[PDB]
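File shown here: coords.pdb, holding PDB, C-alpha atoms.
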ATOM      1  CA  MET H   1      29.822  28.243  31.147  1.00  0.00           C
ATOM      2  CA  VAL H   2      28.190  25.843  28.665  1.00  0.00           C
ATOM      3  CA  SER H   3      28.142  26.504  24.905  1.00  0.00           C
ATOM      4  CA  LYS H   4      25.139  26.991  22.634  1.00  0.00           C
ATOM      5  CA  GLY H   5      25.300  23.794  20.582  1.00  0.00           C
ATOM      6  CA  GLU H   6      26.722  21.588  23.338  1.00  0.00           C
ATOM      7  CA  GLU H   7      23.433  21.604  25.298  1.00  0.00           C
ATOM      8  CA  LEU H   8      21.824  19.760  22.434  1.00  0.00           C
ATOM      9  CA  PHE H   9      24.012  16.667  22.876  1.00  0.00           C
ATOM     10  CA  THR H  10      23.560  15.941  26.592  1.00  0.00           C
ATOM     11  CA  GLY H  11      21.450  12.884  25.863  1.00  0.00           C
ATOM     12  CA  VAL H  12      20.745  10.148  23.330  1.00  0.00           C
ATOM     13  CA  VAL H  13      19.808  11.774  20.003  1.00  0.00           C
ATOM     14  CA  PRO H  14      18.216   9.979  17.040  1.00  0.00           C
ATOM     15  CA  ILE H  15      20.023  10.013  13.701  1.00  0.00           C
ATOM     16  CA  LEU H  16      18.873   9.911  10.106  1.00  0.00           C
ATOM     17  CA  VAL H  17      21.205   9.454   7.159  1.00  0.00           C
ATOM     18  CA  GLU H  18      20.302   9.831   3.526  1.00  0.00           C
ATOM     19  CA  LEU H  19      22.819   9.223   0.770  1.00  0.00           C
ATOM     20  CA  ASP H  20      22.495   9.584  -2.928  1.00  0.00           C
ATOM     21  CA  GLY H  21      25.317   8.081  -4.922  1.00  0.00           C
ATOM     22  CA  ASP H  22      26.634   7.636  -8.430  1.00  0.00           C
ATOM     23  CA  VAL H  23      29.852   5.647  -8.939  1.00  0.00           C
ATOM     24  CA  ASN H  24      30.945   5.153 -12.563  1.00  0.00           C
ATOM     25  CA  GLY H  25      27.370   5.522 -13.742  1.00  0.00           C
ATOM     26  CA  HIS H  26      26.065   3.064 -11.102  1.00  0.00           C
ATOM     27  CA  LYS H  27      23.471   4.941  -9.164  1.00  0.00           C
ATOM     28  CA  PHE H  28      22.315   3.928  -5.713  1.00  0.00           C
ATOM     29  CA  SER H  29      20.696   5.263  -2.527  1.00  0.00           C
ATOM     30  CA  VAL H  30      21.352   4.543   1.105  1.00  0.00           C
ATOM     31  CA  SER H  31      19.194   5.328   4.097  1.00  0.00           C
ATOM     32  CA  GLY H  32      20.274   4.989   7.732  1.00  0.00           C
ATOM     33  CA  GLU H  33      18.662   5.286  11.150  1.00  0.00           C
ATOM     34  CA  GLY H  34      20.111   5.151  14.649  1.00  0.00           C
ATOM     35  CA  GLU H  35      21.285   6.946  17.774  1.00  0.00           C
ATOM     36  CA  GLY H  36      24.284   8.710  19.262  1.00  0.00           C
ATOM     37  CA  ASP H  37      25.472   9.425  22.732  1.00  0.00           C
ATOM     38  CA  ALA H  38      28.137  12.096  22.734  1.00  0.00           C
ATOM     39  CA  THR H  39      28.726  11.410  26.418  1.00  0.00           C
ATOM     40  CA  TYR H  40      30.279   8.057  25.514  1.00  0.00           C
ATOM     41  CA  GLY H  41      31.181   9.014  21.942  1.00  0.00           C
ATOM     42  CA  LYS H  42      28.945   6.126  20.876  1.00  0.00           C
ATOM     43  CA  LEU H  43      26.973   5.571  17.697  1.00  0.00           C
ATOM     44  CA  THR H  44      24.770   2.682  16.660  1.00  0.00           C
ATOM     45  CA  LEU H  45      23.380   2.746  13.139  1.00  0.00           C
ATOM     46  CA  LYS H  46      21.863   0.427  10.557  1.00  0.00           C
ATOM     47  CA  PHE H  47      22.178   1.250   6.881  1.00  0.00           C
ATOM     48  CA  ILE H  48      20.060  -0.159   4.038  1.00  0.00           C
ATOM     49  CA  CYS H  49      20.632   0.134   0.293  1.00  0.00           C
ATOM     50  CA  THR H  50      17.175   1.198  -0.859  1.00  0.00           C
ATOM     51  CA  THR H  51      17.931   0.772  -4.610  1.00  0.00           C
ATOM     52  CA  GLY H  52      18.849  -3.002  -4.304  1.00  0.00           C
ATOM     53  CA  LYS H  53      22.462  -4.319  -4.219  1.00  0.00           C
ATOM     54  CA  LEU H  54      25.241  -1.955  -3.296  1.00  0.00           C
ATOM     55  CA  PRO H  55      27.570  -1.269  -6.320  1.00  0.00           C
ATOM     56  CA  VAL H  56      30.542  -0.599  -4.017  1.00  0.00           C
ATOM     57  CA  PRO H  57      31.655  -2.270  -0.806  1.00  0.00           C
ATOM     58  CA  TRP H  58      30.064  -1.131   2.412  1.00  0.00           C
ATOM     59  CA  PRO H  59      33.363  -0.297   4.144  1.00  0.00           C
ATOM     60  CA  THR H  60      34.174   2.239   1.465  1.00  0.00           C
ATOM     61  CA  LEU H  61      31.143   4.235   2.630  1.00  0.00           C
ATOM     62  CA  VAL H  62      31.639   4.214   6.382  1.00  0.00           C
ATOM     63  CA  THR H  63      33.546   7.479   6.638  1.00  0.00           C
ATOM     64  CA  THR H  64      31.028   9.228   4.486  1.00  0.00           C
ATOM     65  CA  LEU H  65      27.897   7.931   6.212  1.00  0.00           C
ATOM     66  CA  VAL H  66      28.497  12.655  12.164  1.00  0.00           C
ATOM     67  CA  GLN H  67      31.498  13.877  14.066  1.00  0.00           C
ATOM     68  CA  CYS H  68      29.330  16.090  16.293  1.00  0.00           C
ATOM     69  CA  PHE H  69      28.791  12.848  18.329  1.00  0.00           C
ATOM     70  CA  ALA H  70      32.444  12.708  19.385  1.00  0.00           C
ATOM     71  CA  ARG H  71      33.236  12.668  23.058  1.00  0.00           C
ATOM     72  CA  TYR H  72      35.332  15.708  23.898  1.00  0.00           C
ATOM     73  CA  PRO H  73      37.173  15.458  27.239  1.00  0.00           C
ATOM     74  CA  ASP H  74      36.219  18.322  29.564  1.00  0.00           C
ATOM     75  CA  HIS H  75      39.521  20.161  29.146  1.00  0.00           C
ATOM     76  CA  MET H  76      39.072  20.190  25.333  1.00  0.00           C
ATOM     77  CA  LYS H  77      35.446  21.423  25.090  1.00  0.00           C
ATOM     78  CA  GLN H  78      36.481  24.858  23.703  1.00  0.00           C
ATOM     79  CA  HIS H  79      37.815  22.926  20.631  1.00  0.00           C
ATOM     80  CA  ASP H  80      34.584  21.091  19.529  1.00  0.00           C
ATOM     81  CA  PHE H  81      33.628  22.991  16.348  1.00  0.00           C
ATOM     82  CA  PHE H  82      31.063  20.327  15.269  1.00  0.00           C
ATOM     83  CA  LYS H  83      28.697  20.928  18.154  1.00  0.00           C
ATOM     84  CA  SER H  84      29.336  24.723  18.172  1.00  0.00           C
ATOM     85  CA  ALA H  85      27.763  24.802  14.665  1.00  0.00           C
ATOM     86  CA  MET H  86      24.471  23.215  15.836  1.00  0.00           C
ATOM     87  CA  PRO H  87      21.589  23.313  15.468  1.00  0.00           C
ATOM     88  CA  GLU H  88      22.009  25.371  12.241  1.00  0.00           C
ATOM     89  CA  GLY H  89      24.607  22.799  11.112  1.00  0.00           C
ATOM     90  CA  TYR H  90      27.625  22.399   8.850  1.00  0.00           C
ATOM     91  CA  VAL H  91      28.729  21.372   5.404  1.00  0.00           C
ATOM     92  CA  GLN H  92      31.113  18.488   5.238  1.00  0.00           C
ATOM     93  CA  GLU H  93      32.975  18.167   1.977  1.00  0.00           C
ATOM     94  CA  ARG H  94      35.545  15.467   1.307  1.00  0.00           C
ATOM     95  CA  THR H  95      37.615  14.042  -1.479  1.00  0.00           C
ATOM     96  CA  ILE H  96      38.686  10.442  -0.965  1.00  0.00           C
ATOM     97  CA  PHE H  97      41.550   9.091  -3.047  1.00  0.00           C
ATOM     98  CA  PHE H  98      41.715   5.309  -3.373  1.00  0.00           C
ATOM     99  CA  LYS H  99      45.346   4.558  -4.237  1.00  0.00           C
ATOM    100  CA  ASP H 100      45.620   3.132  -7.794  1.00  0.00           C
ATOM    101  CA  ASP H 101      41.868   3.496  -8.316  1.00  0.00           C
ATOM    102  CA  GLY H 102      39.127   6.170  -8.434  1.00  0.00           C
ATOM    103  CA  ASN H 103      38.103   8.962  -6.078  1.00  0.00           C
ATOM    104  CA  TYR H 104      34.906   9.828  -4.135  1.00  0.00           C
ATOM    105  CA  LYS H 105      33.833  13.491  -3.959  1.00  0.00           C
ATOM    106  CA  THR H 106      31.240  14.006  -1.185  1.00  0.00           C
ATOM    107  CA  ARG H 107      29.086  16.836   0.104  1.00  0.00           C
ATOM    108  CA  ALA H 108      26.890  16.491   3.120  1.00  0.00           C
ATOM    109  CA  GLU H 109      24.752  18.718   5.228  1.00  0.00           C
ATOM    110  CA  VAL H 110      24.610  17.865   8.858  1.00  0.00           C
ATOM    111  CA  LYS H 111      21.950  19.606  10.902  1.00  0.00           C
ATOM    112  CA  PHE H 112      18.906  19.169  13.116  1.00  0.00           C
ATOM    113  CA  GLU H 113      15.425  18.619  11.752  1.00  0.00           C
ATOM    114  CA  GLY H 114      13.613  19.077  15.007  1.00  0.00           C
ATOM    115  CA  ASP H 115      14.876  16.577  17.508  1.00  0.00           C
ATOM    116  CA  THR H 116      16.531  14.438  14.883  1.00  0.00           C
ATOM    117  CA  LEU H 117      20.104  14.850  13.659  1.00  0.00           C
ATOM    118  CA  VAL H 118      20.293  14.557   9.914  1.00  0.00           C
ATOM    119  CA  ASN H 119      23.116  13.707   7.465  1.00  0.00           C
ATOM    120  CA  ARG H 120      22.167  14.255   3.859  1.00  0.00           C
ATOM    121  CA  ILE H 121      24.780  13.165   1.388  1.00  0.00           C
ATOM    122  CA  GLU H 122      25.518  13.436  -2.287  1.00  0.00           C
ATOM    123  CA  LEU H 123      28.331  11.245  -3.428  1.00  0.00           C
ATOM    124  CA  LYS H 124      30.033  11.149  -6.824  1.00  0.00           C
ATOM    125  CA  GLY H 125      32.542   8.474  -7.838  1.00  0.00           C
ATOM    126  CA  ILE H 126      34.739   8.527 -10.941  1.00  0.00           C
ATOM    127  CA  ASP H 127      37.658   6.759 -12.623  1.00  0.00           C
ATOM    128  CA  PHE H 128      37.236   3.473 -10.773  1.00  0.00           C
ATOM    129  CA  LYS H 129      38.704   0.350 -12.373  1.00  0.00           C
ATOM    130  CA  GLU H 130      36.041  -2.194 -13.289  1.00  0.00           C
ATOM    131  CA  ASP H 131      38.208  -5.075 -12.019  1.00  0.00           C
ATOM    132  CA  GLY H 132      39.732  -3.023  -9.154  1.00  0.00           C
ATOM    133  CA  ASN H 133      39.348  -3.654  -5.406  1.00  0.00           C
ATOM    134  CA  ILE H 134      36.373  -1.322  -5.124  1.00  0.00           C
ATOM    135  CA  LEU H 135      34.086  -2.209  -8.078  1.00  0.00           C
ATOM    136  CA  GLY H 136      35.463  -5.791  -7.977  1.00  0.00           C
ATOM    137  CA  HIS H 137      34.249  -6.250  -4.371  1.00  0.00           C
ATOM    138  CA  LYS H 138      37.582  -7.564  -3.031  1.00  0.00           C
ATOM    139  CA  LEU H 139      37.641  -5.769   0.428  1.00  0.00           C
ATOM    140  CA  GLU H 140      37.030  -7.538   3.787  1.00  0.00           C
ATOM    141  CA  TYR H 141      33.854  -6.813   5.737  1.00  0.00           C
ATOM    142  CA  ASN H 142      36.332  -5.475   8.280  1.00  0.00           C
ATOM    143  CA  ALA H 143      36.359  -2.870  11.021  1.00  0.00           C
ATOM    144  CA  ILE H 144      38.254   0.319  10.264  1.00  0.00           C
ATOM    145  CA  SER H 145      40.001   2.558  12.780  1.00  0.00           C
ATOM    146  CA  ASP H 146      42.278   5.554  12.708  1.00  0.00           C
ATOM    147  CA  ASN H 147      42.837   9.087  13.826  1.00  0.00           C
ATOM    148  CA  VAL H 148      41.379  12.137  12.171  1.00  0.00           C
ATOM    149  CA  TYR H 149      43.815  15.055  12.384  1.00  0.00           C
ATOM    150  CA  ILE H 150      42.049  18.342  12.687  1.00  0.00           C
ATOM    151  CA  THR H 151      43.139  21.908  12.127  1.00  0.00           C
ATOM    152  CA  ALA H 152      41.518  25.320  11.817  1.00  0.00           C
ATOM    153  CA  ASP H 153      40.689  27.084   8.569  1.00  0.00           C
ATOM    154  CA  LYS H 154      40.522  30.674   9.999  1.00  0.00           C
ATOM    155  CA  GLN H 155      39.824  32.157   6.541  1.00  0.00           C
ATOM    156  CA  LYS H 156      36.812  29.865   5.924  1.00  0.00           C
ATOM    157  CA  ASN H 157      35.648  30.029   9.566  1.00  0.00           C
ATOM    158  CA  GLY H 158      35.781  26.233   9.604  1.00  0.00           C
ATOM    159  CA  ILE H 159      38.126  23.278   9.857  1.00  0.00           C
ATOM    160  CA  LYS H 160      40.215  20.959   7.718  1.00  0.00           C
ATOM    161  CA  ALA H 161      40.976  17.324   8.380  1.00  0.00           C
ATOM    162  CA  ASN H 162      43.210  14.749   6.794  1.00  0.00           C
ATOM    163  CA  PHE H 163      43.544  11.080   7.446  1.00  0.00           C
ATOM    164  CA  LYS H 164      44.258   7.660   5.882  1.00  0.00           C
ATOM    165  CA  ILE H 165      42.209   4.462   5.993  1.00  0.00           C
ATOM    166  CA  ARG H 166      43.741   1.063   5.431  1.00  0.00           C
ATOM    167  CA  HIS H 167      41.078  -1.224   4.049  1.00  0.00           C
ATOM    168  CA  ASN H 168      41.996  -4.894   4.282  1.00  0.00           C
ATOM    169  CA  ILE H 169      41.833  -6.858   1.054  1.00  0.00           C
ATOM    170  CA  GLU H 170      40.768 -10.550   1.003  1.00  0.00           C
ATOM    171  CA  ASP H 171      44.312 -11.583  -0.041  1.00  0.00           C
ATOM    172  CA  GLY H 172      45.932  -9.941   2.979  1.00  0.00           C
ATOM    173  CA  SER H 173      46.987  -6.765   1.148  1.00  0.00           C
ATOM    174  CA  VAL H 174      45.734  -3.209   1.840  1.00  0.00           C
ATOM    175  CA  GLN H 175      43.754  -0.573  -0.130  1.00  0.00           C
ATOM    176  CA  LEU H 176      44.736   2.858   0.990  1.00  0.00           C
ATOM    177  CA  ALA H 177      42.071   5.596   1.010  1.00  0.00           C
ATOM    178  CA  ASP H 178      43.381   9.138   1.449  1.00  0.00           C
ATOM    179  CA  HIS H 179      40.784  11.431   3.003  1.00  0.00           C
ATOM    180  CA  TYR H 180      40.795  15.204   2.651  1.00  0.00           C
ATOM    181  CA  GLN H 181      38.044  17.180   4.446  1.00  0.00           C
ATOM    182  CA  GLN H 182      36.762  20.757   4.835  1.00  0.00           C
ATOM    183  CA  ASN H 183      33.871  21.624   7.172  1.00  0.00           C
ATOM    184  CA  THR H 184      32.220  25.045   7.074  1.00  0.00           C
ATOM    185  CA  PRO H 185      29.200  26.244   9.079  1.00  0.00           C
ATOM    186  CA  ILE H 186      25.766  26.926   7.602  1.00  0.00           C
ATOM    187  CA  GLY H 187      24.674  29.470  10.232  1.00  0.00           C
ATOM    188  CA  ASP H 188      25.958  32.989  10.616  1.00  0.00           C
ATOM    189  CA  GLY H 189      26.475  32.393  14.368  1.00  0.00           C
ATOM    190  CA  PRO H 190      29.987  32.131  15.845  1.00  0.00           C
ATOM    191  CA  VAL H 191      31.746  28.849  16.244  1.00  0.00           C
ATOM    192  CA  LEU H 192      34.759  27.340  17.957  1.00  0.00           C
ATOM    193  CA  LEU H 193      37.977  27.290  15.938  1.00  0.00           C
ATOM    194  CA  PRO H 194      40.130  24.513  17.513  1.00  0.00           C
ATOM    195  CA  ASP H 195      43.821  24.001  18.125  1.00  0.00           C
ATOM    196  CA  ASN H 196      45.205  20.975  16.312  1.00  0.00           C
ATOM    197  CA  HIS H 197      43.982  17.754  17.770  1.00  0.00           C
ATOM    198  CA  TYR H 198      42.526  14.492  16.552  1.00  0.00           C
ATOM    199  CA  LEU H 199      39.599  12.112  16.842  1.00  0.00           C
ATOM    200  CA  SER H 200      40.380   8.548  17.587  1.00  0.00           C
ATOM    201  CA  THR H 201      37.731   6.547  15.799  1.00  0.00           C
ATOM    202  CA  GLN H 202      36.775   2.899  15.710  1.00  0.00           C
ATOM    203  CA  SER H 203      33.960   1.379  13.656  1.00  0.00           C
ATOM    204  CA  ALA H 204      32.775  -2.242  13.960  1.00  0.00           C
ATOM    205  CA  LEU H 205      30.832  -3.764  11.114  1.00  0.00           C
ATOM    206  CA  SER H 206      28.231  -6.503  11.410  1.00  0.00           C
ATOM    207  CA  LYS H 207      25.041  -7.912   9.926  1.00  0.00           C
ATOM    208  CA  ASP H 208      21.459  -8.419  10.987  1.00  0.00           C
ATOM    209  CA  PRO H 209      20.838 -12.087  10.427  1.00  0.00           C
ATOM    210  CA  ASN H 210      17.079 -11.472   9.861  1.00  0.00           C
ATOM    211  CA  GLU H 211      17.603  -8.808   7.223  1.00  0.00           C
ATOM    212  CA  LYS H 212      17.340  -9.663   3.507  1.00  0.00           C
ATOM    213  CA  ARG H 213      18.130  -6.280   2.032  1.00  0.00           C
ATOM    214  CA  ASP H 214      21.784  -5.389   1.411  1.00  0.00           C
ATOM    215  CA  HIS H 215      22.657  -3.563   4.634  1.00  0.00           C
ATOM    216  CA  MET H 216      25.295  -2.759   7.250  1.00  0.00           C
ATOM    217  CA  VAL H 217      25.058  -2.552  11.059  1.00  0.00           C
ATOM    218  CA  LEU H 218      27.600  -0.192  12.599  1.00  0.00           C
ATOM    219  CA  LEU H 219      28.797   0.366  16.160  1.00  0.00           C
ATOM    220  CA  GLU H 220      31.195   3.218  16.485  1.00  0.00           C
ATOM    221  CA  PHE H 221      33.308   4.991  19.128  1.00  0.00           C
ATOM    222  CA  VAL H 222      34.808   8.428  18.680  1.00  0.00           C
ATOM    223  CA  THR H 223      36.903  10.313  21.218  1.00  0.00           C
ATOM    224  CA  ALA H 224      38.761  13.558  20.841  1.00  0.00           C
ATOM    225  CA  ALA H 225      42.429  13.630  21.974  1.00  0.00           C
ATOM    226  CA  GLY H 226      45.933  15.091  21.643  1.00  0.00           C
ATOM    227  CA  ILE H 227      45.974  18.260  23.794  1.00  0.00           C
ATOM    228  CA  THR H 228      47.542  18.311  27.265  1.00  0.00           C
ATOM    229  CA  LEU H 229      45.803  19.050  30.599  1.00  0.00           C
TER     230      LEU H 229
END
Spell out the structure here as structure tokens.
Amino acid sequence: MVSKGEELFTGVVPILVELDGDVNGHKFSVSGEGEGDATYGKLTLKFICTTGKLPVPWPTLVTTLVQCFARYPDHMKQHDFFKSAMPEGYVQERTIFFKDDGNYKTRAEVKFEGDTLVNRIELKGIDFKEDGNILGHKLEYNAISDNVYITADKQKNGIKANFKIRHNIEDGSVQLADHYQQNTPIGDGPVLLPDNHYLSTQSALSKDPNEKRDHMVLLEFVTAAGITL
């Protein structure tokens, strides 16, 4: 028997992303458009900084800029909370600790506006070092990949997730970014509380050679894993 929200992801679905951000008094906006194919756990997006030049490096934003597009293997479908919360949606709140630098606090609403899947994001950044890796623009325009470990928050009828991102620095060193995450549903309708598992995620960054605005092109694969059957 198929689940409520699952039906909605059987095809290619268009995606809109709006982000409003403020890092150490630098304010900026990002808009994104693209598509997502849960069947293959595949996302293609292009992001544009609408306010001009981006005050932080693009890679720092990737995790913040739609885990409902993850491919769940058949035997794991009863563990996909993200799609069980559609089309009403969910709140995705994170804190992101850059080691020896500032933190991002983020709050997003992910839901459907008609046919389109929408990620609306407010981001606040504080205590960054002016000559640090982040505001100093010293990270590589490099892919990022890792596993998102998920667990149930039975009391909040949602989930928690924790993971670490290693951003490459131009000098060969690494900027660690500790992610902490709580997702709760907007609807009153039931949802699927999962058993611990994780989402193997890979994101590939590129550029549109014809594009003059500060922007990022993203291809991304996401697959659930870590339960046995």
For a cutoff of 12 Å around the file-coordinate point (32.5, 28.7, 32.3), which residues qualify once you count only C-alpha atoms? I'd like the result as a PyMOL selection string.
chain H and resi 1-3+74-75+77-78
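Across the chains present, the PyMOL selection byres ((chain H and resi 98-108) around 7) applied to this file returns residues 91, 92, 93, 94, 95, 96, 97, 109, 110, 119, 120, 121, 122, 123, 124, 125, 126, 127, 128, 129, 132, 175, 176, 177 and 178 of chain H.
Residues in contact with residue H:222 at up to 8 Å, not including ones fewer than 2 positions away on its chain and judged by all atoms listed in the file, are residues 41, 42, 67, 69, 70, 71, 199, 200, 201, 202, 220 and 224 of chain H.
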Please evaluate the PyMOL selection byres ((chain H and resi 219) around 6) against the structure above and give the resulting residues as a PyMOL selection string.
chain H and resi 43-44+203-204+218+220
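Nearest to residue H:116 of all the residues H:7, H:208, H:153, H:35 is H:35, based on all atoms listed in the file.
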Quiz item: Nearest to residue H:17: which of H:81, H:60, H:118, H:36 is it, counting all atoms listed in the file?
Solution: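 Answer, going by the shortest atom-to-atom distance: H:118.
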In Å and to one decimal, atom CA of residue H:150 is distant from atom CA of residue H:221 by 17.2 Å
Between atom CA of residue H:159 and atom CA of residue H:56, measure the distance and give it in Å to one decimal.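 Computing it gives 28.6 Å between the two atoms.
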Using all atoms listed in the file, the residue out of H:19, H:161, H:186, H:49 with shortest distance to residue H:217 is H:49
* What lies within 7 Å of residue H:83 using all atoms listed in the file, ignoring chain neighbours under 4 positions off, as a PyMOL selection string? -> chain H and resi 5-6+68
One decimal place gives the atom CA of residue H:212-atom CA of residue H:50 separation as 11.7 Å
Exercise for the section: List the neighbours of residue H:170 out to 12 Å using all atoms listed in the file; skip same-chain residues closer than 2 positions along the sequence, and give me the result as a list in words. Expected result: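 The residues that qualify are residues 133, 134, 136, 137, 138, 139, 140, 141, 142, 167, 168, 172, 173, 174 and 175 of chain H.
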Take stretch 185-206 of chain H, bring it up to N, CA and C atoms, and give me the output as a tab-separated table (two decimals), in the coordinates of the input.
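Output below, filename selection-v1.tsv:
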chain	number	residue	atom	x	y	z
H	185	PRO	N	30.51	26.15	8.43
H	185	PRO	CA	29.20	26.24	9.08
H	185	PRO	C	28.14	26.84	8.18
H	186	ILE	N	26.91	26.36	8.33
H	186	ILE	CA	25.77	26.93	7.60
H	186	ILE	C	25.22	28.21	8.25
H	187	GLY	N	25.21	28.29	9.57
H	187	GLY	CA	24.67	29.47	10.23
H	187	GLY	C	25.58	30.67	10.06
H	188	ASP	N	25.11	31.82	10.52
H	188	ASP	CA	25.96	32.99	10.62
H	188	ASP	C	26.54	33.12	12.03
H	189	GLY	N	26.05	32.31	12.97
H	189	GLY	CA	26.48	32.39	14.37
H	189	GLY	C	27.92	31.96	14.59
H	190	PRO	N	28.61	32.55	15.60
H	190	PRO	CA	29.99	32.13	15.84
H	190	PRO	C	30.15	30.65	16.10
H	191	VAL	N	31.40	30.23	16.03
H	191	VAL	CA	31.75	28.85	16.24
H	191	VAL	C	33.12	28.77	16.87
H	192	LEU	N	33.46	27.58	17.33
H	192	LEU	CA	34.76	27.34	17.96
H	192	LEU	C	35.78	26.88	16.93
H	193	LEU	N	36.80	27.70	16.70
H	193	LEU	CA	37.98	27.29	15.94
H	193	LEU	C	38.95	26.61	16.90
H	194	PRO	N	39.26	25.31	16.66
H	194	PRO	CA	40.13	24.51	17.51
H	194	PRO	C	41.64	24.69	17.30
H	195	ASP	N	42.41	24.20	18.27
H	195	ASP	CA	43.82	24.00	18.12
H	195	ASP	C	43.93	22.58	17.56
H	196	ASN	N	45.05	22.27	16.94
H	196	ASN	CA	45.20	20.98	16.31
H	196	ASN	C	44.95	19.91	17.33
H	197	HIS	N	44.18	18.92	16.94
H	197	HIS	CA	43.98	17.75	17.77
H	197	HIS	C	43.56	16.66	16.82
H	198	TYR	N	43.05	15.56	17.37
H	198	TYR	CA	42.53	14.49	16.55
H	198	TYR	C	41.41	13.68	17.21
H	199	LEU	N	40.73	12.90	16.39
H	199	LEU	CA	39.60	12.11	16.84
H	199	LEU	C	39.91	10.66	16.60
H	200	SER	N	40.04	9.93	17.68
H	200	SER	CA	40.38	8.55	17.59
H	200	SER	C	39.06	7.86	17.30
H	201	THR	N	39.00	7.07	16.23
H	201	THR	CA	37.73	6.55	15.80
H	201	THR	C	37.83	5.07	15.53
H	202	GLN	N	36.86	4.32	16.03
H	202	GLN	CA	36.78	2.90	15.71
H	202	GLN	C	35.36	2.53	15.33
H	203	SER	N	35.24	1.80	14.21
H	203	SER	CA	33.96	1.38	13.66
H	203	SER	C	33.97	-0.13	13.46
H	204	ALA	N	32.93	-0.78	13.97
H	204	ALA	CA	32.78	-2.24	13.96
H	204	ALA	C	31.59	-2.61	13.09
H	205	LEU	N	31.84	-3.43	12.08
H	205	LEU	CA	30.83	-3.76	11.11
H	205	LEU	C	30.24	-5.11	11.44
H	206	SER	N	28.94	-5.24	11.21
H	206	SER	CA	28.23	-6.50	11.41
H	206	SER	C	26.98	-6.61	10.54
